[PDB]
Structure formats: C-alpha cells, structure tokens
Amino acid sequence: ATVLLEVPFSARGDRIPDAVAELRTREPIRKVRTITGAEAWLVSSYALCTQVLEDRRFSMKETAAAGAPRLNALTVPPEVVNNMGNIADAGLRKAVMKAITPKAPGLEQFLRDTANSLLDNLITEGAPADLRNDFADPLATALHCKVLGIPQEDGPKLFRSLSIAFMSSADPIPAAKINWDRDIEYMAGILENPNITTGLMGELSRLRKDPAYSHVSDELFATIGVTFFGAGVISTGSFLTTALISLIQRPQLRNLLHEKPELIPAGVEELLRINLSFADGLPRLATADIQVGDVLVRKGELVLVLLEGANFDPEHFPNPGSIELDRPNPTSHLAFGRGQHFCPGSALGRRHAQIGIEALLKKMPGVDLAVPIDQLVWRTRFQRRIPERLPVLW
C-alpha cells in the first residue's frame, strides 16, 4: 500500500521531475494531497490549466474561506487573499498599474545603473560571487523601493520579512504576523510622511486625500504597499536568480545573448516559459460543480494549476525543455498566470530580468557556476523555488 501522491514534488528549480510529464500524459487532472493534509486536484496540461484560470467559478478569493481544503496556511489576513479585487473595488487598479510600469522616466536607467554598480562591486571583491544575495535580490529590492517611492535604505528590512512571508507552510506562522503588522505600520507611516511624493506610495498618498477616495480604508492603502513590495521583490528576485541558472546551464544560449543582446527579450520570454520559480500550483476553490477533463470537480474542492505542467506541455510548446527564440507562440506561456488574476507586474518583471541579464552578460561574459550544480541548496516549504546562494565565477 502507498499513500496518495503528495505535492509539491521537488523544491529543485534546476530540473523538472519526470512525474510531471507522466501525470500530464496519463491523468492531466488527478487527486493529490497537500502539505496541510487536504486533498486537491492537480492540473498539469496546458489545455486544462488555461480552462481553470479562465473560469472565475474557480475562485482565488474563496481559497481563504474558513474550513476550505488548503494548499498552505495563510500568511496574510484572509481579506488580503482578495487583494486585487479590493484594489479594483476601491477604484485604484488603473493608478496602481500605471505606477508599476517599467516605462516611467529614468526607471530603466536606474535599473541599469543599479545592476552595473552591483556587478562592479562583485568584480572588485573577486570570485566567487553570490548572484542571489549580492545581485538578483538587491536589484529587485532597489527596483521596488524606487517604484514605491520609498527610501532605498528601508529596502533591506522590508526584504527580510520575505523568507517567512512567502513560506508555504502546513500551519500558521507566528513570525509572519509579527512582520506583517510591522510592515503595515511602516507603510501607514509612509502615507503620512510628507517626503513621500513619488512612485506608487506617493500616488496612493495623494489619492488618499482626494475626495473621490475618502472612504477607501487606510488599511487598504497600507496593504497595497506591503503586498506590491513583497510580491514584486520575491517574484523578480527569484525569477532572475533561477533564470540565471537556466542561462549558465546553456552556454551556447549565453554566448548568443552576449553576442546579440537584441535577442535578450526573446530569451527572457523563453526563460519565463521554462521557469520553475513557483513552487506550488496556483490555488483555486471551486464555487460550482465543473467538468475539467475526465473529472467533475465539486463545489468546495481545491484545484492546483501547475504552471510547469502547462509550460512544458509538448502539445503546446514542442521540444518544451529547449529554449527556442523563434517559437510562433512565445508569450502564450503561463508564467504570469492567465485570466482575472494575471500578474499586474508582468511588464516590470520582464524588464527587471532583461536589464539584469543584459548587464551581467556585458560585465561577466565568462559567468559560470563556481560549484557543481547539485551543490545548490534549494529552499523548502516556500512559495518559490530558489537556491539559498548562487556561487559563480567569471
């Protein structure tokens, strides 16, 4: 006798498990057990993943309902699971989007200057260098302080909440509440700080005093700052880190992008497609009985949309494990999701990775791992797959 298949399969972000293609072929929707002990439906084909993400009856908000089967414990208040819905209901979606575009004057130059400064410091210090802790994550942090309009010196402490805030735990996490409440207090102070007049927080600060937003809660305004900092920093830092591994393990591609940097955007789109940064499927709770492939999902059941299931599906992306810069459907991957909850920071995430990679290839054309790849230490029970350190030489 064996127990029901458990998720996630592996915390490693450098290889996709063979089990993914086996499930996709044999049972592209099948029952699994999550870390909390709940059962869920794991969806692993492109066709079924998109079906779920495109049907709002598979609800993100309802995953926070008391008594629901859970993928993991909440690390935020339950209402914050509906964060984007709350922002939209407050009439703030357009303003938040506009504030997080990479097209803001001087923003791309700031990303370039910051990436170049971080790389120059690594070169001065000498190999080995840690590309996660001393490149990708500080670049993500600096970017988000700039986008938010908050002091660069405040970034490191906000960043240190993230190793806990983005845990994927079976049980509630006491430290997550301590950090959440403290970070909310910080953002509430930013809204009242007369010096904060730029970026997302400067815009929220002004809208907060505009009569057309007088009944939007101060709780929501502070929550937008904490959540966009956290989601953006963890997602960009983690994606860039693991994309650097994907690139370092593909020296022919690395050489091609070094030689022809105009191919970097197409390269980043493929690095997004093959990315294993999301450690768990995207969760949704069924609000009705809905047929998904051979399974009638019942109201109240949990569904997990496995992004690498979709993104490595050979029926949608032939030769899925290969980075091919001339695919006919290059942006049709699910790295930023699909449907109602499509990533609001997608353009900024793409630009962060493009500039980070462009700068690294110019500064360190000979970049390579400084340890055998198996020696990377993959963070466990986390919402992202990331190596704890990424030691390189050049």
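In case it trips you up, residue 1 is the first one in the sequence shown, and so on.
Mean CA temperature factor is higher for 100-108 when stretches 75-83 and 100-108 are set side by side in the entry. Just going by the entry, 360-368 versus 60-68 on mean CA temperature factor gives the higher value to 360-368. For the set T242, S168, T236, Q252, the PDB entry puts the maximum C-alpha B factor at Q252.
Within the group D181, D137, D120, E301, the record's highest C-alpha temperature factor is found at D120. Among the modelled residues of the chain, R350 sits in the middle third by CA temperature factor in this PDB entry. Ranked by C-alpha B-factor against the other modelled residues of its chain, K146 falls in the middle third. In the deposited entry, the Cα temperature factor of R26 places it in the highest third of its chain's modelled residues. In the PDB entry, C49 places in the lowest third of its chain by CA B-factor. When the modelled residues of the chain are ordered by C-alpha B-factor, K94 sits in the highest third.
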